[PDB]
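The chain that follows stands alone, in the form solved without the ligand, written as structure tokens.
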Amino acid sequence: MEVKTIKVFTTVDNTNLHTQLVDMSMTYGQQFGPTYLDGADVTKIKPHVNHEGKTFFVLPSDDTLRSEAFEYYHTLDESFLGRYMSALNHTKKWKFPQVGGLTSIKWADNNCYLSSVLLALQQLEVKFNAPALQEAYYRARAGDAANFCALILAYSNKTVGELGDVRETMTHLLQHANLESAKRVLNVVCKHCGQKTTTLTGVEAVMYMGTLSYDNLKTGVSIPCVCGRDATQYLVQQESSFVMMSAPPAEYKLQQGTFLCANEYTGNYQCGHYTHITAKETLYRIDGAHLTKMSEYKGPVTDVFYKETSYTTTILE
């Protein structure tokens, strides 16, 4: 007798494993719909005896599987799992060296922006609500980052090789972060329209666009008003474990002891390359696999991260 059937497990979350008896005369596709083995699309291939006992990813095709997928990924986007697997097939071949004491990514497939995201996240006090991200994030910190990168890509709506942006990616990822108690209060004054207090929560409490300087947000920054004037605003209260300050790329000085980490962007509107700046015993520039230690830094910066716990202004009235 030749082997005619094998047992395998199917899954949408790599936790709940569903036993299947596979007919070796049919493709995986004919039995399960689109099917993946460690990210590889095996929809069109027939089973091999060596597949016995292995785990295959499938698409959520009934209410139980849809619920498992929602519970794990925190999205109802039906294209998600397929995009995640498509990315994973490539990211499993990336290398994740330890550079400046952090897990970095050796350059491949225009992944510099992802390396900068990964490096930043390891330095923030952040956790993810979606179990897929939290579990992958833990593994990534130790150097097993292929799954985390594939997830970031899928959550971002980016494919492997696509040119990306750190701030855009962070906006997508932080939607799944533990920011429900993050709070920001801003005092806003327009000479025409008057005063108001703006309260922001979640992602909007930790991300700012317009200046790289947390000090400047504290002391006063210009912001457009609906009337056409420039109003001024300053930070009254902040409750979060970090803040991310972003601005269109420009030359900026970074001084050890005054920030957590940052993204350098060399380039312009068309094209650019993202590197990571951090500090340990001195300033570090981490460009994928490559470290440069620095005694000063003045260069093109787009995002600066700062530690926070709780801040309250001393500006009166």
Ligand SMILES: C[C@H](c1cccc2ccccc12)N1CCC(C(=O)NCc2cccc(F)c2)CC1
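Heads up: residue numbers just count along the shown sequence, starting at 1. Basically, rigid core = biggest C-alpha set you can superpose within 1.5 Å across the two forms.
Per-stretch averaging of Cα B factors for 289-297 and 302-310 places 289-297 on top. Stretches compared: 58-66, 256-264. Higher mean C-alpha B-factor in the entry: 58-66. Across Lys218, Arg184, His172, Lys196, the entry's maximum B-factor at the CA atom is seen for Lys196.
Highest C-alpha temperature factor among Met26, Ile277, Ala250, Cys271 per the entry: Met26. Ranked against the other modelled residues of its chain, the C-alpha B-factor of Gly210 as given in the entry falls in the lowest third. When the CA B factors of the chain's modelled residues are split into thirds, the value for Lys127 lands in the highest one. Residue-level temperature factors show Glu168 in the middle third of its chain, judged at the C-alpha atom. Per-chain ranking of the deposited C-alpha B factor places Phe80 in the highest third. The PDB entry assigns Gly202 a C-alpha temperature factor belonging to the lowest third of its chain's modelled residues.
Omitted from view is the form deposited with the ligand bound, to which the following refers.
Open site. The ligand, superposed from its pose in the deposited bound form, has no atom within 2.4 Å of any backbone or C-beta atom of the chain shown. Judged against the ligand in the deposited bound form with a 4.5 angstroms heavy atom cut-off, the residues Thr15, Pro60 and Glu71 are out of contact without exception. Only one of the listed residues (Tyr265, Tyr284, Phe32, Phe259) places a non-hydrogen atom within 4.5 angstroms of the ligand in the deposited bound form, and that residue is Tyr265. This chain lacks the partner; the member of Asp165, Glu239, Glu204, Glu135 within 4.5 angstroms of the ligand in the deposited bound form by a non-hydrogen atom is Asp165.
Residues of just one listed stretch (242-250, 76-84, 141-149, 116-124) have heavy atoms within 4.5 Å of the ligand in the deposited bound form: 242-250.
For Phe56, no non-hydrogen atom is located within 4.5 Å of the ligand in the deposited bound form, even though that partner is not displayed. Residue contact check for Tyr274: one or more of its heavy atoms lie within 4.5 Å of the ligand in the deposited bound form. When contacts are judged by a 4.5 Å heavy atom cut-off, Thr302 counts as touching the ligand in the deposited bound form. Just one of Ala142, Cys193, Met209, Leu76 moves its Cα by 2 Å or more between this form and the one not shown on a rigid core overlay, and this residue is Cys193. In the core-superposed comparison between this form and the one not shown, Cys225 has its Cα shifted by at least 2 Å.
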